[PDB]
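Student: Residue numbers (mature numbering (1 follows the signal peptide of the UniProt record, and there is no 0)): 1 to 499.
The beta-carbon is built from N, C-alpha and C at its ideal position, and this holds for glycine as well.
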Ligand SMILES: *[C@@H]1O[C@H](CO)[C@@H](O[C@@H]2O[C@H](CO)[C@@H](O[C@@H]3O[C@H](CO[C@H]4O[C@H](CO[C@H]5O[C@H](CO)[C@@H](O)[C@H](O)[C@@H]5O)[C@@H](O)[C@H](O[C@H]5O[C@H](CO)[C@@H](O)[C@H](O)[C@@H]5O)[C@@H]4O)[C@@H](O)[C@H](O[C@H]4O[C@H](CO)[C@@H](O)[C@H](O)[C@@H]4O)[C@@H]3O)[C@H](O)[C@H]2NC(C)=O)[C@H](O)[C@H]1NC(C)=O
Ligand SMILES: *[C@@H]1O[C@H](CO)[C@@H](O[C@@H]2O[C@H](CO)[C@@H](O[C@@H]3O[C@H](CO)[C@@H](O)[C@H](O)[C@@H]3O)[C@H](O)[C@H]2NC(C)=O)[C@H](O)[C@H]1NC(C)=O
Ligand SMILES: *[C@@H]1O[C@H](CO)[C@@H](O[C@@H]2O[C@H](CO)[C@@H](O)[C@H](O)[C@H]2NC(C)=O)[C@H](O)[C@H]1NC(C)=O
Ligand SMILES: *[C@@H]1O[C@H](CO)[C@@H](O)[C@H](O)[C@H]1NC(C)=O
Ligand SMILES: [Cu+2]
Ligand SMILES: [Cu+2]
Ligand SMILES: [Cu+2]
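1) Is the beta carbon of residue 297 within less than 6 Å of some heavy atom of ligand 2?
2) Using only the alpha-carbon positions, how far apart do residue 512 and residue 144 sit?
3) Ignore the nearest five residues each way along the sequence and tell me which others in residue 287's own chain have a CB closer than 7 Å to its CB.
4) Is it true that the region 408 to 428 meets the region 300 to 316, where meeting means three or more beta-carbon pairs spaced less than 8 Å apart?
5) I want to check one thing, is the minimum distance from the CB of residue 383 to the heavy atoms of ligand 3 below 6 Å?
6) Any idea if residue 298 is buried or exposed, counting beta-carbon neighbours within 10 angstroms, 16 or more meaning buried?
7) Give the residues whose C-beta lies closer than 6 Å to at least one heavy atom of ligand 4, in chain order.
8) To which residues does DSSP link residue 398 through a beta bridge?
9) Determine whether the beta carbon atoms of residue 245 and residue 199 lie at a separation below 7 Å.
10) Nearer than 6 Å: is that true of the beta carbon of residue 392 relative to any heavy atom of ligand 6?
11) In chain order, what residues have a CB nearer than 6 Å to some heavy atom of ligand 1?
12) Could you check which residue in 90, 180, 326, 42 has the C-alpha nearest to that of residue 9?
13) Can you tell me which residues form a DSSP beta bridge with residue 15?
14) So the beta strand (DSSP E) residue 188 belongs to, where does it begin and stop?
15) Quick one: does the C-beta of residue 80 sit closer than 6 Å to a heavy atom of ligand 5?
16) Is it buried or exposed for residue 271, if we count other Cβ within 10 angstroms and need 16 for buried?
17) With H, G and I counted as helix, E and B as strand and the rest as coil, what does DSSP make of residue 176?
18) Measure the C-alpha to C-alpha separation of residue 61 and residue 88 and round it to an integer number of angstroms.
19) In whole angstroms, give me the CA-to-CA distance for residue 431 and residue 344.
20) Taking just the CA atoms, how far does residue 11 sit from residue 28?
21) In whole angstroms, what is the alpha-carbon distance linking residue 170 and residue 470?
22) Do residue 360 and residue 479 have their C-beta atoms closer together than 7 Å?
23) Mind checking whether the beta-carbon of residue 74 lies closer than 6 Å to any heavy atom of ligand 2?
24) Assuming residue 221 contacts residue 306 (C-beta within less than 8 Å), just tell me the rounded distance between them.
25) Rounded to a whole number of angstroms, what is the C-alpha to C-alpha distance between residue 95 and residue 190?
26) Within 6 Å: the Cβ of residue 436 and any heavy atom of ligand 3?
27) May I have the straight-line CA-CA distance separating residue 449 from residue 19, to the nearest angstrom?
28) Please state whether the Cβ-Cβ distance between residue 461 and residue 262 is less than 7 Å.
29) At which residues does the alpha helix (DSSP H) containing residue 485 begin and terminate?
30) Taking the alpha carbon of residue 281 as the reference point, which residue from 128, 436, 240, 214 has its own alpha carbon closest?
31) State the DSSP-derived secondary structure class of residue 41, mapped to helix, strand or coil.
32) Consult DSSP for residue 115 and reduce its assignment to one of helix, strand or coil.
33) Quick test of the definition: if touching needs 3 or more C-beta pairs under 8 Å, does the region 122 to 139 touch the region 106 to 113?
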């Protein structure tokens with residue numbers, strides 16, 4: 001791992017994760033990028049050095065540290081034109097923030113256009129030396145991170161606006177496409193008798209994946225950086241940008257077992273060892289598994305997840321029993337997505353810079369119609385009713401700056417105001433099920449925070465709004481470093497072909 005104080009150098013390079021060589025955006029030479037790690041209480045100083053040269057995958061960049069509250073450091077959150085202007089090619093920018101009150105599995109990715117899909121994404125772990133789940137496992141290290149990623153042979157800006165699936169699913173950076181039946185598979189090593197904390201992180205730009213390991217059950221202990229009660233499952237449907245920790249007990253026969261991550265669309269299944277990796281017990285021959293998948297009898301259901309510790313739901317236990325309730329009405333016209341009638345177009349002046357320049361009301365903030373000003377220290381309920389008007393369901397929405405209670409999950413009609421899981425990315429389900437996924441959070445984090453579908457192609461199409469939380473306190477609470485102040489002039493001075 002690298003960090004908490006580290007350089008992350010961003011370049012364009014040729015990669016071949018599935019045997020097909022293409023130019024990609026890489027971090028310290030690799031995609032997925034290296035594991036960034038630290039411990040709860042740490043200050044991270046992550047110096048992002050932009051050495052990009054290819055305008056088609058963008059020469060500018062900006063990085064979101066997915067899942068972190070960024071309290072007092074809203075300027076470091078990452079979304080381009082929300083929290084900063086992009087970093088310009090030939091420049092570096094220091095993200096300097098603390099993680100005082102969180103531990104778990106996170107990730108980092110470009111938050112400029114669809115650039116993360118072209119490779120700028122990697123895992124990020126914040127360890128807890130007093131982890132309350134520590135007694136459940138023996139091993140938790142670099143080699144227990146499992147990343148899932150969709151990989152495309154055609155670059156984000158060069159393919160269809162809304163691709164119909166990836167060429168390959170990558171597990172720990174490797175996987176197979178139809179074009180190369182023998183490409184190297186990732187191998188995850190375990191020692192018989194040891195218990196492993198696997199940190200499963202979806203770096204996906206679009207598809208969700210149904211994850212399972214032949215011959216093994218999994219005990220979920222963490223959901224999007226929130227410790228859970230232990231939940232035994234035999235498969236996990238993980239949506240773009242979500243994380244789970246699960247414990248695997250390596251107590252089966254020494255052998256090779258298939259690890260499966262089946263996407264919801266694209267090249268589905270396992271012909272030729274696509275959508276697969278290898279769980280290899282020490283002493284097993286260096287060959288492919290020949291294990292068979294068994295029907296999932298205990299799939300994960302989000303309504304079965306509960307916080308490990310008592311975690312009260314904001315507000316009162318009825319619909320709209322909060323200080324402010326917002327409904328998000330979705331539309332789509334073939335190229336663009338809309339929320340409450342507005343398709344998000346990034347403003348010239350980043351939203352945070354607008355606020356620091358005086359703009360504190362929805363009326364004064366740009367883009368008009370996409371900013372929701374929230375009161376401070378208030379309970380908020382947001383509902384995302386699934387609608388056929390917004391194809392590409394299930395849309396996994398992410399709220400920056402916050403964890404939220406999932407009061408109503410996809411595929412459920414229960415409102416749980418008692419002990420629902422808290423997380424940061426939620427499937428909003430499907431219209432076929434009449435879903436109306438509903439979340440609650442408190443506004444104790446002054447700043448503009450993005451709220452959007454984490455299918456990066458949909459975000460690009462405008463499927464986003466901004467929650468402008470406690471605007472009159474944003475400047476005092478989020479002092480900005482000179483380097484941040486310099487971003488917009490530098491970026492704005494760029495030739496368009498150097499963006
Ligand atoms: C800036 O970034 C953008 C975005 O990433 C990038 O865009 C690329 O732009 C080019 C030019 O438009 C696109 O080029 C197409 O690439 C197609 C795919 O090429 C892959 O496969 C080639 C064929 O492989 C077979 O053969 C070899 C044996 O020769 C074998 O090993 C293979 O297994 C397989 O059997 C392969 O040659 C090629 O590898 C070259 O390129 C990669 C980088 O792409 C490089 O890393 C390698 O070292 C090597 O130089 C690659 O693996 C290709 O099929 C396609 O060609 C057909 O179409 C053209 C035009 O329509 C026809 O005229 C031609 O005859 C072919 O029929 C064309 O070349 C490419 O797709 C874009 N990339 C992406 C990801 O979208 C820019 O290039 C970047 N800028 C810079 C300066 O790098
Ligand atoms: C993973 O979890 C599943 C679900 O809890 C476990 O499945 C259960 O496994 C036992 C066998 O270990 C099954 O019972 C056995 O069934 C056979 C055949 O009918 C019978 O001959 C035995 O006497 C015994 O009763 C049980 O049906 C099955 N339960 C299910 C599928 O709901 C599984 O064992 C766990 N895997 C591991 C590796 O721990
Ligand atoms: C999804 O849930 C929301 C939140 O409860 C529903 O919106 C409320 O609808 C009632 C009428 O039933 C209005 O009186 C409220 O003002 C709405 N709340 C808002 C806008 O915050 C919504 O109708 C539900 N949608 C579906 C499709 O079930
Ligand atoms: C969809 O709406 C957008 C944004 O308002 C508009 O620019 C675009 O032309 C429309 N697309 C289609 C396919 O009609
Ligand atoms: Cu993210
Ligand atoms: Cu979406
Ligand atoms: Cu975001």
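Tutor: In short:
1) Distance from the C-beta of residue 297 to the nearest heavy atom of ligand 2 is below 6 Å.
2) Any question about residue 512 goes unanswered here, given that the chain covers just 1 to 499.
3) Counting only Cβ-Cβ distances below 7 Å, and skipping sequence neighbours, we find 256.
4) Flag = yes, the region 408 to 428 and the region 300 to 316 touch.
5) At least one heavy atom of ligand 3 falls within 6 Å of the beta-carbon of residue 383.
6) Classification for residue 298: exposed.
7) Checking every Cβ against the heavy atoms of ligand 4 under 6 Å gives 333, 334, 335, 336, 343.
8) Within the DSSP secondary-structure output, residue 398 pairs in a beta bridge with 425, 452.
9) Yes, the Cβ-Cβ distance between residue 245 and residue 199 is below 7 Å.
10) Checking every heavy atom of ligand 6 against the Cβ of residue 392, one is found closer than 6 Å.
11) Listed along the chain, these residues meet the criterion: 14, 20, 21, 22, 23, 54, 56, 57, 154, 155, 158.
12) Nearest option by C-alpha distance: 90.
13) Under DSSP, residue 15 forms a beta bridge with 22.
14) Note, residue 188: beta strand (DSSP E), 187 to 190.
15) Outside the cutoff, so no.
16) Residue 271 should be labelled exposed.
17) DSSP places residue 176 in coil when its eight states are reduced to three.
18) Between residue 61 and residue 88, the C-alpha separation is close to 7 Å.
19) Cα-Cα distance, rounded: 23 Å.
20) Whole-angstrom Cα-Cα distance: 8 Å.
21) One C-alpha to the other measures close to 40 Å.
22) Cβ distance not < 7 Å, so residue 360 and residue 479 don't count as in contact.
23) Not so, every heavy atom of ligand 2 lies at least 6 Å from the Cβ.
24) Not confirmed; about 12 Å, so no contact.
25) So the alpha carbons of these two residues sit roughly 35 Å apart.
26) Indeed, a heavy atom of ligand 3 lies less than 6 Å from the Cβ.
27) Their backbone Cα atoms lie some 39 Å apart in a straight line.
28) Taking the C-beta atoms as reference points, residue 262 is found no nearer than 7 Å to residue 461.
29) First-last of the alpha helix (DSSP H) with residue 485: 482 to 492.
30) Taking only the C-alpha atoms, the option nearest residue 281 is 214.
31) Note: residue 41 maps to coil in three-state DSSP.
32) Helix at residue 115.
33) Yes, they touch.
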